[PDB]
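Remember, the working numbering sits 16 above the position in the sequence shown when you count from 1. Even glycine gets a Cβ: it sits at the ideal position worked out from N, Cα and C. Structure, as C-alpha cells:
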Amino acid sequence: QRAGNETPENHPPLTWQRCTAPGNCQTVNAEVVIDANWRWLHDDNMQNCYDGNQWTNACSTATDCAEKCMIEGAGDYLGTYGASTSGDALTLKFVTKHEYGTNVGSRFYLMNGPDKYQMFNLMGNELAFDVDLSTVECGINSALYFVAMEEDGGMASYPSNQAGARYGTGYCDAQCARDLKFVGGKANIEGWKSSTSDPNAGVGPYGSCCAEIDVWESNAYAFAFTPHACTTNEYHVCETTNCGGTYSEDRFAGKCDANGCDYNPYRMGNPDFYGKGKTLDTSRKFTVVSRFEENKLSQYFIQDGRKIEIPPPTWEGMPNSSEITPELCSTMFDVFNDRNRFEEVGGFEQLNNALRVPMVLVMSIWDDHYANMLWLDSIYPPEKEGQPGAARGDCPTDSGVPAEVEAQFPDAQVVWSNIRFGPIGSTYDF
Numbered sequence: 017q018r019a020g021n022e023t024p025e026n027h028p029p030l031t032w033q034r035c036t037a038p039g040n041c042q043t044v045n046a047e048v049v050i051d052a053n054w055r056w057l058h059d060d061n062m063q064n065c066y067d068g069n070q071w072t073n074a075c076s077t078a079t080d081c082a083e084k085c086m087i088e089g090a091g092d093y094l095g096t097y098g099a100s101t102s103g104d105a106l107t108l109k110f111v112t113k114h115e116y117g118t119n120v121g122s123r124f125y126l127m128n129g130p131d132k133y134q135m136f137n138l139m140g141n142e143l144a145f146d147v148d149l150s151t152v153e154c155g156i157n158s159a160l161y162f163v164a165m166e167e168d169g170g171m172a173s174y175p176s177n178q179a180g181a182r183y184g185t186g187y188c189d190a191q192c193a194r195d196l197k198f199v200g201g202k203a204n205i206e207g208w209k210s211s212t213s214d215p216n217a218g219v220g221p222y223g224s225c226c227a228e229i230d231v232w233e234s235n236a237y238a239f240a241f242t243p244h245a246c247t248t249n250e251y252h253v254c255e256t257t258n259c260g261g262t263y264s265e266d267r268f269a270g271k272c273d274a275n276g277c278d279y280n281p282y283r284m285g286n287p288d289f290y291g292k293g294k295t296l297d298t299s300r301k302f303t304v305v306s307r308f309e310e311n312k313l314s315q316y317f318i319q320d321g322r323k324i325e326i327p328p329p330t331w332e333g334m335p336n337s338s339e340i341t342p343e344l345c346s347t348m349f350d351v352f353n354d355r356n357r358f359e360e361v362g363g364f365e366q367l368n369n370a371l372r373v374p375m376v377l378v379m380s381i382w383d384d385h386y387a388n389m390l391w392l393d394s395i396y397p398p399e400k401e402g403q404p405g406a407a408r409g410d411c412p413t414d415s416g417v418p419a420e421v422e423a424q425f426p427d428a429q430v431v432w433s434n435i436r437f438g439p440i441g442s443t444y445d446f
C-alpha cells in the first residue's frame, strides 16, 4: 500500500527500559503505533478502498489495490481510538465514541523510531510490566504479548507496501490473521468475507502467520500464559485452506498451532486465585513478569510489594508446578483430552526455536465475535461443561457478546505501564 497524504502520522511517545541487574534500569524513549487495519484507505480522490466491512470499486484485484490505495495517519489517538499515553503508561479505551463514529478495541505495537518496530530477543530473557485491568470485564481481552513480526513491518520483504511499520503494517500471529486488509504487502480483497457481527471487519484469502507468545491474555477475572510456535516461526503468508486458526474453516489445518500450551489458573485448578479481590487481587494494579528459557517459560507477580507465584494445577496427571515445560504441555492433554496441536508442529523444542525469533511487542484490547471470550474467562467449549479445563473462569457463558459488553462498559480500558526487560533476575529483584 502507498503511504497517505491527508493525515500525518504522529506516534504517541512511550518510555520503557532495559535492566542489566536487579537495581539497574534506564529508559528507552520510544513511541507506539497502531496496527494498519484501523486506518483510512483511499485513492487520489479520497474515495475509499474500504468502508464498513467491505471494499469499494476504488479497487478490484489483489495487486492493483496495493497500487491504487494508501492507508493514512490516525489523527489523534484519543479522538477516534481511545489510546492515551503519559510517560511510560499506555492507556487503551475499549469503545470510543467520537463525533464521527464508535471504534472498539485496538492493537498497539511498540516501536524503535517511527520507521521500524522495536524487536526483542526472548530466550535468556524476562519481560516485566505494570497492569491496571480493574475495569476489564468478561467478554473483553486486554492482552500484551510477542509476535515474530518483521522490523520494517514488511517493507523489505514485500515492497508493494510503501507504508510499513511506520503505519503499523505487517501483523501476524499463530491465528494467521486473515482479517487484515493487506497481507504480504498485498490486498485481501478478492473473497473478502464480511462479518455478520462486527460492521467493520472481514476475512480475505490471505492470512498472516508467525510465532505467537501470549504473555498476557486477560480481564480482571482470569488470565492465561500461552506460548505458540509454528513449523515456520517467521512471518509467512498461508493459502486459504492452508491457513488454520479462528477465522478459518479448519482451526488445525495450517502451519501454526492456534491453541498453544496455556497456563490459565482457573482452567488448571485454582478458581480463587485471580479475580476481583483474590490471591491475585485484580482490583488494583500489579506487576507481571514472564520468563523465556529453554523448555522453561515462567510467570510470577508482584502486587503491592509482595511476590506472588501461580499455584500448581490440581489435575491428576499434571506435574506439580505452574511452569511451561515439556512436562506440562504433554500431560494436560491426557487431561483436557483433545487435539494436541502443540505437539503436531514439533512440541516444545519448536517452541524453543520460536523463542530464538526476535519478536515485536504488542498491547491490545478487543472483544470476540467468534467465541465471546468464553475461552478466556468462562466455560468453553459450551458442549459439555463439567469437564477438566472446560472451566476457564468464573464469568457467565452469557457474557462476551460484542454489542452488549460494548454499550455495557464502553469505558473499559487497560492500564499498561513500566515495561522492563533484560536477563532473568534483572527486571525485578525477585
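Looking at the backbone, the Cα of residue 284 and that of residue 408 are separated by about 8 Å. Taking every protein chain shown into account, the CB of residue 53 has 16 or more other CB atoms within 10 angstroms, so this residue is buried.
Counting along the chain, the unbroken alpha helix (DSSP H) around residue 368 starts and ends at 363-370.
By the neighbour-count criterion, in which a residue is buried when 16 or more other Cβ atoms sit within 10 angstroms of its Cβ, residue 175 is exposed. DSSP places residue 277 in the coil class of the three-state scheme, outside both helix and strand. Between residue 347 and residue 311, the C-beta gap is not smaller than 8 Å, which leaves the two residues out of contact. Ranked by Cα distance from residue 353, the first of 287, 100 and 277 is 277. Around the beta carbon of residue 84, 16 or more other beta carbons lie within 10 angstroms, which makes this residue buried. Judged by beta-carbon spacing, residue 49 lies within the 8 Å limit of residue 127, meaning their Cβ atoms are closer than that value. Just measuring C-alpha positions, the residue of 287, 220, 444 and 229 sitting nearest residue 316 is 444.
Scanning 366, 324 and 432 for the CA closest to the CA of residue 377 turns up 432. Note on geometry: alpha-carbon atoms of residue 289 and residue 384 lie some 24 Å from one another.
For secondary structure counted as the beta strand (DSSP E) over 3 or more consecutive residues, the segment 102-148 holds these complete runs in sequence order: 105-109, 111-114, 117-120, 122-126 and 141-148. The segment 306-354 is shown to contain whole alpha helix (DSSP H) runs of 4 or more residues at 342-351, in chain order. In chain order, 153 place their CB closer than 6 Å to the CB of residue 425, counting only its own chain and leaving out the 5 sequence neighbours on each side.
With respect to the 8 Å criterion, residue 189 and residue 132 are not classified as neighbours on the basis of their beta carbons. In the DSSP assignment, residue 401 falls outside any alpha helix (DSSP H) and carries neither an H nor an E.
The shortest C-alpha to C-alpha distance from residue 51 to any of 27, 267 and 142 is the one to 27.
Put simply, the backbone Cα of residue 56 is about 41 Å away from that of residue 440.
Burial check for residue 90: the Cβ neighbour count within 10 Å reaches 16 or more, so the residue is buried.
Looking at the DSSP output, residue 429 shares a beta bridge with 109. Contact between the segment 413-425 and the segment 132-148 is absent: fewer than three C-beta pairs spanning the two stretches fall below 8 Å. For residue 68, the closest C-alpha among the options 210, 313 and 182 is that of 210.
One Cα belongs to residue 391, the other to residue 60, and the distance between them is close to 43 Å. Looking from the CA of residue 328, the closest CA among 268, 394, 280 and 254 belongs to 280. Between residue 74 and residue 183, the C-beta gap is not smaller than 8 Å, which leaves the two residues out of contact. If you keep only unbroken beta strand (DSSP E) runs of at least 3 residues inside the segment 212-244, you get 222-225, 228-235 and 238-244.
Listed as beta-bridge partners of residue 62 by DSSP are no residues whatsoever. By the C-beta density criterion, residue 43 is exposed, having fewer than 16 other C-beta atoms within 10 angstroms. Note that the C-beta distance between residue 64 and residue 72 is below 8 Å. Per DSSP, the continuous alpha helix (DSSP H) segment holding residue 79 begins and ends at 78-84. DSSP places residue 390 inside the alpha helix (DSSP H), whose first and last residues are 390-393. By the neighbour-count criterion, in which 16 or more other beta carbons inside 10 Å mark a residue as buried, residue 22 falls on the exposed side.
Across the set 97, 158 and 367, the C-alpha of 367 shows the shortest separation from the C-alpha of residue 228.
By a beta-carbon distance limit of 8 Å, residue 30 contacts residue 101. Their separation comes to about 6 Å. Listed in chain order, the non-local C-beta contacts of residue 24 below 8 Å within the same chain comprise 89, local neighbours out to five positions each way being set aside.
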